[PDB]
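The data block below is upload28.pdb; it holds PDB, C-alpha atoms.
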ATOM      1  CA  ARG A   1     -16.780  -6.343  -8.892  1.00  0.00           C
ATOM      2  CA  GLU A   2     -13.953  -6.904  -6.441  1.00  0.00           C
ATOM      3  CA  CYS A   3     -13.631  -9.212  -3.496  1.00  0.00           C
ATOM      4  CA  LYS A   4     -11.843  -8.692  -0.175  1.00  0.00           C
ATOM      5  CA  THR A   5      -9.513 -11.333   1.266  1.00  0.00           C
ATOM      6  CA  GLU A   6      -7.339 -10.706   4.347  1.00  0.00           C
ATOM      7  CA  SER A   7      -3.653 -10.655   3.495  1.00  0.00           C
ATOM      8  CA  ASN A   8      -1.836 -13.846   4.382  1.00  0.00           C
ATOM      9  CA  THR A   9       1.624 -12.285   4.553  1.00  0.00           C
ATOM     10  CA  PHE A  10       1.144  -8.802   6.030  1.00  0.00           C
ATOM     11  CA  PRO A  11       2.443  -8.680   9.620  1.00  0.00           C
ATOM     12  CA  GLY A  12       0.599  -6.991  12.466  1.00  0.00           C
ATOM     13  CA  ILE A  13      -2.164  -4.406  12.561  1.00  0.00           C
ATOM     14  CA  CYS A  14      -2.907  -2.347   9.480  1.00  0.00           C
ATOM     15  CA  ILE A  15      -2.485   1.389  10.096  1.00  0.00           C
ATOM     16  CA  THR A  16      -0.974   2.766   6.880  1.00  0.00           C
ATOM     17  CA  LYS A  17      -1.676   1.626   3.341  1.00  0.00           C
ATOM     18  CA  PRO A  18       1.771   1.259   1.726  1.00  0.00           C
ATOM     19  CA  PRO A  19       3.030  -1.939   3.430  1.00  0.00           C
ATOM     20  CA  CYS A  20      -0.429  -3.533   3.184  1.00  0.00           C
ATOM     21  CA  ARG A  21      -0.793  -2.755  -0.518  1.00  0.00           C
ATOM     22  CA  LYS A  22       2.722  -4.084  -1.038  1.00  0.00           C
ATOM     23  CA  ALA A  23       1.908  -7.361   0.726  1.00  0.00           C
ATOM     24  CA  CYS A  24      -1.311  -7.766  -1.212  1.00  0.00           C
ATOM     25  CA  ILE A  25       0.360  -7.124  -4.554  1.00  0.00           C
ATOM     26  CA  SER A  26       3.067  -9.655  -3.524  1.00  0.00           C
ATOM     27  CA  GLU A  27       0.184 -12.120  -3.089  1.00  0.00           C
ATOM     28  CA  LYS A  28      -1.181 -11.387  -6.593  1.00  0.00           C
ATOM     29  CA  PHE A  29      -4.013  -9.134  -5.548  1.00  0.00           C
ATOM     30  CA  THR A  30      -4.328  -5.717  -7.139  1.00  0.00           C
ATOM     31  CA  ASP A  31      -4.557  -3.587  -3.963  1.00  0.00           C
ATOM     32  CA  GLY A  32      -4.633  -3.690  -0.192  1.00  0.00           C
ATOM     33  CA  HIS A  33      -6.258  -1.373   2.335  1.00  0.00           C
ATOM     34  CA  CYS A  34      -6.707  -1.231   6.107  1.00  0.00           C
ATOM     35  CA  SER A  35     -10.001  -1.982   7.827  1.00  0.00           C
ATOM     36  CA  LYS A  36     -11.159   0.457  10.496  1.00  0.00           C
ATOM     37  CA  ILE A  37     -12.127  -1.671  13.459  1.00  0.00           C
ATOM     38  CA  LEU A  38     -10.193  -4.947  13.550  1.00  0.00           C
ATOM     39  CA  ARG A  39      -7.451  -3.044  11.606  1.00  0.00           C
ATOM     40  CA  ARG A  40      -6.741  -5.859   9.186  1.00  0.00           C
ATOM     41  CA  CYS A  41      -4.922  -5.654   5.854  1.00  0.00           C
ATOM     42  CA  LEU A  42      -7.600  -6.547   3.323  1.00  0.00           C
ATOM     43  CA  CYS A  43      -6.510  -7.378  -0.186  1.00  0.00           C
ATOM     44  CA  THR A  44      -8.773  -6.815  -3.172  1.00  0.00           C
ATOM     45  CA  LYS A  45      -8.885  -8.172  -6.718  1.00  0.00           C
ATOM     46  CA  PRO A  46     -11.570  -8.654  -9.388  1.00  0.00           C
ATOM     47  CA  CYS A  47     -13.898 -11.575  -8.779  1.00  0.00           C
TER      48      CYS A  47
END

Show me, as structure tokens, the structure contained in the file I just sent.
Amino acid sequence: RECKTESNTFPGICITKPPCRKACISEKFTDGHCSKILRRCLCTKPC
């Protein structure tokens, strides 16, 4: 079970994974991915 929380530190719209994952890991999540429509960096971690 993992929960999604928008990244607090990623700048701008999310198009490619690497900078979003990096931001999320910097924030102590375990991954980050881009959403399709609002194009947000969403971090995930177990919850």

Q) In Å, with one decimal, what is the gap from CA of residue 46 (chain A) to CA of residue 27 (chain A)? A) 13.8 Å

**Q.** Contacts of residue 39 (chain A) at 12 Å (only C-alpha atoms; same-chain gap of 5+ positions) as a ChimeraX atom specification
**A.** /A:6-7,10-17,20,33-34

File dump, residues just selected, C-alpha atoms, as a CSV table (one decimal), in the frame of the given file:
chain,number,residue,atom,x,y,z
A,6,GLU,CA,-7.3,-10.7,4.3
A,7,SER,CA,-3.7,-10.7,3.5
A,10,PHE,CA,1.1,-8.8,6.0
A,11,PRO,CA,2.4,-8.7,9.6
A,12,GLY,CA,0.6,-7.0,12.5
A,13,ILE,CA,-2.2,-4.4,12.6
A,14,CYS,CA,-2.9,-2.3,9.5
A,15,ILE,CA,-2.5,1.4,10.1
A,16,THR,CA,-1.0,2.8,6.9
A,17,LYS,CA,-1.7,1.6,3.3
A,20,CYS,CA,-0.4,-3.5,3.2
A,33,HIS,CA,-6.3,-1.4,2.3
A,34,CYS,CA,-6.7,-1.2,6.1

(Q) Within 9 Å of (-14.7, -5.2, -8.8) (file coordinates; all atoms listed in the file), which protein or nucleic acid residues are there? I'd like them as a ChimeraX atom specification. (A) /A:1-3,44-47

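Note that CA of residue 35 (chain A) and CA of residue 23 (chain A) are 14.9 Å apart.
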
Q | Selection dump of the PyMOL selection byres ((chain A and resi 5) around 6), as a PyMOL selection string | A | chain A and resi 4+6+42-43

**Q.** Within 7 Å of residue 21 (chain A) using all atoms listed in the file, minus same-chain residues under 3 positions, as an MDAnalysis selection string
**A.** chainID A and resid 17:18 24:25 31:33
